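Inspection log for the structure reproduced underneath, given as structure tokens.
Here Cβ is always computed from backbone atoms with ideal geometry, including for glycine, and neighbour counts include all displayed protein chains. No lab work stands behind these numbers, since they all come straight from the coordinates.
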């Protein structure tokens, strides 16, 4: 379950777009949603909830 | 922002701040 | 010798070909509906103003040569055939300069217009292509000073035209921050949050199905009304371990950031690419040297590199070690082999500038430049100046 | 001629051609495909009509 | 709605068949010039050609 | 290859529904077909117009047709040897052919 | 040699005629061009991502795959590109004169030194490796005459009926069809999901 | 597996990706009822087969993760067989102990 | 144009100078 928690909390998740196609008629706002990214430092790996 | 301000639609790429410019009512908004 | 350096250099002075490229770039963060009303306004202009030359225009959106996204579109303009449009004003060089001047009326897009070179497998745009090979050794996104020199500080055009980006400016993005402590303390596990946010917005692909005897795909995504705004992030629910639904904004917030929608890696460092053409009247070599007074303003670490169809201008250049220095070197040997003397093969290669003296004059009077067809033309005129010499010196040497 | 005494098997005897890498039987071959999107049963009906 | 195609050892016959009429005229003219290279006339090679 | 593409469409267009069509919005082969035939018409304007200067300088119609049978017999003699080294006929060979 | 073919005119004729005919039967066979092979060889490799961001696929699927193909002989310059709609391009060119198939297999056996770093949802689509040069040749396809055909069913008909015959003819090394086929799109309603206590999983 | 299952899960997914092959003449295919397939593709006359089989395999490895997991663990085979055998060996020395 | 203008001056000049350069006096 330590391996499972690492595999669940250190991921790169495709979170899509905020105005992604096919949009509604009249959409004027379009951006990219940045969800979960991979951890970089050891302190980020230390605060992984078991 | 306040009432009576003139915010800038169409023509954003060709214009930097601090530039003398002339204005026309824009046709890109819905109203 | 002075008039040889007075002429400029080029490579393949290109042709009409009936084709024209035109790309648009709406400001960053624009939807495709904003791009379509620029693309259609460009399309309607070419079919009523320039109907004498333009045959048909094919406009795609969501994709150009600069990149991809909702803020990008391009047009393949196929013109009339060569006999249906007479007059030099119906060339693509006179259509491009008068459509590019009209495209400054379009305020909400950097619309351009350009032609491909004479070769089509090499290059997709006439003119120079220079890459900002920025070897400063810095971190991967602290190199924004290369971009700062790339915007206008490498665009100080004295005699250039249509100097344009080939990447795209960075845009706002929406960083969705989820704290795992509060989310886990309401029972809902984090892998289900990941699967919910990856299926509802990210359009998962589950398996395959078959219709009309062909295997196709089945996708899965939320409805378009539920993924348009940041508040629509708060419309989705996740089931915890007890079996009830937690809203998404009970454990997740959002925050705007700024990031690039395109990242490269060119020869070991992420460069930025600049396209541009010479102004009507001058050649390509003086344009590639007129950007050299622009590149002298530069920060630390960066450099300019010619590549693509501009790689041959700075890897071939003038082949003064090989072309017309070892070509006519061996003709002195092969005429000493047949004249059986030392000085009479020297005399017939002494008259070699008397042919190129008007070969330079004709391209100076017509206004052309030093290219590969000019080089292979001079390599004929060496033999032409030699064959007039040998035909009248053979009888001069046999009669003696 | 002897193999037609076997009632419950369409036994077929033959020999390979002189060259070996070309064909496995003597004669020709033809494919009858579909390119519209019609079903398998109409293609089998066309094969039986042929 | 359905189509057909040729395969197998009987495919190359459809692009170009047995080209013996395509030759035997090239091979006729190339020996017609070759014995004229020996006999140094026009009627004397042509009479022995047949 | 473009002939192959057009016959690939030209064999399976009746299976296509009548409520459809096909155009060619962008294409480069009329450029090839025009830029070959233009240099053919320059070789045509260089085979008979080189005949007039020898007819003018020799003043004899029986003495000026000797090189004009000699010029098209070397020329297609090139079309073998450039075919021998795998090279293709294009305008780049044909420029030197008009020069030769 | 002189003094021989002058008293022998038929032997002078026959060599000129056969050197005419050996070239005259050659123009029926060799292909007709307008330009030779002028571009340097170049191969490319693409993959798409459903709903990614540009920085998910920049430090991962570009930089480690970039350096391995440095060392390949007869080479000009290397590039890469990563987009925000979830697409990559790891194109690599060569110097002019090399055989493009051995230039493809050198990059092929050199770029299996970074193959397992890939997620499963884009290893399902696979890395499409082509020998695309840079440019197109022609484009095919248009709307219906009588209307009632959107910009999706035309693309579906193109990639479902006329594409796989077009991808097997000669010359074709790449294709960039503007659109895609059908897919059974399921559009989830979030309000109707928690009305039955369901998740998209 | 059935012929329909094999044809619509293995054959179509592989032959849907077989594009961009040099000197490909045609692609025949068959799928049997005992769960087997052949996708024997014939090239042009006068082609060395070493580049041909690796050009086939480079496009096959593009399609091999789309296959179900029950057939990836069986292992695809790409050979350059001609059509037909050359020799057959093997028999028992009949002592009754060994079976078929 | 580069070969037309190159040939015309190779003709109207060199017929004066090639006989002038065969009679160069160093060829004793």
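Table for the structure above
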{"item": "Condition check for residue H:79: more than 14 Å from chain G (Cβ to nearest Cβ) and loosely packed, with under 11 Cβ neighbours inside 10 Å", "result": "yes"}
{"item": "Failed item in (1) more than 10 Å from chain A (Cβ to nearest Cβ); (2) in contact with a helix residue (DSSP H, G or I) (Cβ under 7 Å, 6 or more places away or on another chain), with residue C:153 passing the rest", "result": "(2)"}
{"item": "Residue under evaluation residue C:162, criteria (1) touching a helix residue (DSSP H, G or I) at 6+ places or on another chain (Cβ under 8 Å); (2) within 13 Å of chain A (Cβ to nearest Cβ); (3) touching a residue at least 60 places away in the same chain (Cβ under 8 Å); (4) not in a helix (DSSP H, G or I), criterion not met", "result": "(2)"}
{"item": "Selection from segment C:342-373 of residues that are out of contact with any helix residue (DSSP H, G or I) (no Cβ under 8 Å at 6 or more places or on another chain) and more than 28 Å from residue C:11 (Cβ to Cβ)", "result": "C:343"}
{"item": "Of residues in segment A:25-40 being more than 7 Å from chain C (Cβ to nearest Cβ) and under 9 Å from the mean Cα position of the chain (by Cα), the one surrounded by the fewest Cβ atoms within 10 Å (Cβ to Cβ)", "result": "A:38"}
{"item": "Segment C:131-146, residues that are within 23 Å of residue B:14 (Cβ to Cβ) and either surrounded by 18 or more Cβ atoms within 10 Å (Cβ to Cβ) or in contact with a helix residue (DSSP H, G or I) (Cβ under 7 Å, 6 or more places away or on another chain) (or both)", "result": "C:132, C:146"}
{"item": "Extreme residue, nearest to the other protein chains (Cβ to nearest Cβ), among residues of segment C:342-385 that are without any contact (Cβ under 8 Å) to a residue 12 or more places away in the chain and not in a helix (DSSP H, G or I)", "result": "C:343"}
{"item": "Helices (runs of 4 or more DSSP H) lying entirely in chain E (those with 2 or more residues that are away from chain D (no Cβ under 14 Å), over 30 Å from residue F:12 (Cβ atoms) and over 12 Å from the mean Cα position of the chain (by Cα))", "result": "E:26-39, E:43-49"}
{"item": "Residue in segment E:16-35 that is under 30 Å from residue D:50 (Cα atoms) and surrounded by 10 or more Cβ atoms within 10 Å (Cβ to Cβ) present", "result": "yes"}
{"item": "Any hit, segment F:12-28, residues being away from chain G (no Cβ under 14 Å), farther than 25 Å from residue C:78 by Cβ and out of contact with any strand residue (DSSP E or B) (no Cβ under 6 Å at 6 or more places or on another chain)", "result": "no"}
{"item": "Sole exception among (1) within 7 Å of chain C (Cβ to nearest Cβ); (2) within 22 Å of residue C:248 (Cα to Cα); (3) free of Cβ contacts under 8 Å to residues at least 40 places away in the same chain for residue A:22, by number", "result": "(2)"}
{"item": "Residue list for segment H:1-50, filter: in contact with a strand residue (DSSP E or B) (Cβ under 7 Å, 6 or more places away or on another chain) and in contact (Cβ under 8 Å) with a residue 60 or more places away in the chain", "result": "H:10"}
{"item": "Leading residue by the ranking (nearest to the chain's Cα centre (by Cα)) among those in segment C:51-66 that are in a loop (DSSP other than H, G, I, E, B) and surrounded by fewer than 18 Cβ atoms within 10 Å (Cβ to Cβ)", "result": "C:65"}
{"item": "Test set (1) assigned to a loop (DSSP other than H, G, I, E, B); (2) over 15 Å from the mean Cα position of the chain (by Cα); (3) more than 8 Å from chain F (Cβ to nearest Cβ); (4) under 29 Å from residue C:120 (Cα atoms) - residue G:133 fails condition number", "result": "(2)"}
{"item": "Residues of segment F:80-98 classified as under 22 Å from residue F:46 (Cα atoms), facing chain G (nearest Cβ under 10 Å) and over 12 Å from the mean Cα position of the chain (by Cα), total", "result": "2"}
{"item": "The one condition in (1) more than 7 Å from every other protein chain (Cβ to nearest Cβ); (2) surrounded by 16 or more Cβ atoms within 10 Å (Cβ to Cβ) that residue G:28 fails to fulfil", "result": "(2)"}
{"item": "Any hit, segment C:391-399, residues being in contact with a helix residue (DSSP H, G or I) (Cβ under 7 Å, 6 or more places away or on another chain) and more than 10 Å from chain I (Cβ to nearest Cβ)", "result": "no"}
{"item": "Considering residues of segment C:174-192 that are facing chain A (nearest Cβ under 10 Å) and touching a strand residue (DSSP E or B) at 6+ places or on another chain (Cβ under 6 Å) only, the residue nearest to residue G:185 (Cα to Cα)", "result": "C:192"}
{"item": "Residue F:64 being more than 9 Å from chain G (Cβ to nearest Cβ) and in a helix (DSSP H, G or I)", "result": "no"}
{"item": "Cross-chain or 6+ apart pairs with Cβ under 8 Å, segment G:97-118 first and more than 10 Å from chain H (Cβ to nearest Cβ), then assigned to a helix (DSSP H, G or I)", "result": "G:110/G:68; G:111/G:65; G:111/G:68; G:113/G:68; G:114/G:64; G:114/G:65; G:114/G:68; G:117/G:64"}
{"item": "Boolean, residue C:382 is crowded, with 20+ Cβ neighbours inside 10 Å and either closer than 30 Å to residue C:148 by Cα or out of contact with any strand residue (DSSP E or B) (no Cβ under 9 Å at 6 or more places or on another chain) (or both)", "result": "yes"}
